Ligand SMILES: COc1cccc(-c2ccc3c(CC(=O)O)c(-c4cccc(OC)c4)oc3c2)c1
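This document opens with one chain alone, in structure tokens, the form deposited without the ligand.
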């Protein structure tokens, strides 16, 4: 059962005001099948959380390019419009698989070919919701001294530690990972 150092580690400087459950990810990290494993785990942690506990997921630029920046703004657009589950795979496929995403217009087209209206994308993109969310994603990663993706944090205090878990089959991993998030959203 649960101890500091094993299933989770404790941030030396806790973050006040952090989301209750904060996951970080990048579109530029991992083989497509690896990216999709991470999505499965994230969706299963969501599923097994206690009613009322929300999961927040933030994007990370990784190499500092303008493509990375526009994708982080495009992620804030997905959060703003509640279309995360419609665009996550298309987006990474756009970057990773079909490699179609090269400019911000190409990102916008992923949203469109996924049934988001061009006029809707533009409004969110330019919105204050999205400016605030872009700032929040940048700030939160600096606040936890982020050392890589994927990563999950609970209450700005505890970081999930997949090392201290049985990663020798996904279903056991997922249950352990998910049970630990509950112990921490209670702690």
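Residue numbers count along the first chain shown, from 1.
Relative to one another, 96 to 104 and 67 to 75 have unequal mean CA B-factors, and 96 to 104 is the one with the higher figure. Here the stretch with the larger average CA B-factor, out of 134 to 142 and 50 to 58, is 50 to 58. Among 34, 155, 26, 44, the highest C-alpha B-factor recorded in the PDB entry belongs to 44. For residue 170, the recorded CA temperature factor ranks within the highest third of the chain's modelled residues. Split the chain's modelled residues into thirds by C-alpha temperature factor. Residue 164 is in the highest one.
Below: the form solved in complex with the ligand, not depicted.
Taking non-hydrogen atoms only, residue 132 never approaches the ligand to within 4.5 angstroms in the entry with it bound. Of the heavy atoms in residue 149, some are within 4.5 Å of the ligand in the entry with it bound. Interface membership of residue 158, defined by any non-hydrogen atom within 4.5 Å of the ligand in the entry with it bound, is ruled out.
When contacts are judged by a 4.5 Å heavy atom cut-off, residue 49 does not count as touching the ligand in the entry with it bound. Residues 34, 35, 39 of 33 to 58 are found to place at least one heavy atom within 4.5 Å of the ligand in the entry with it bound.
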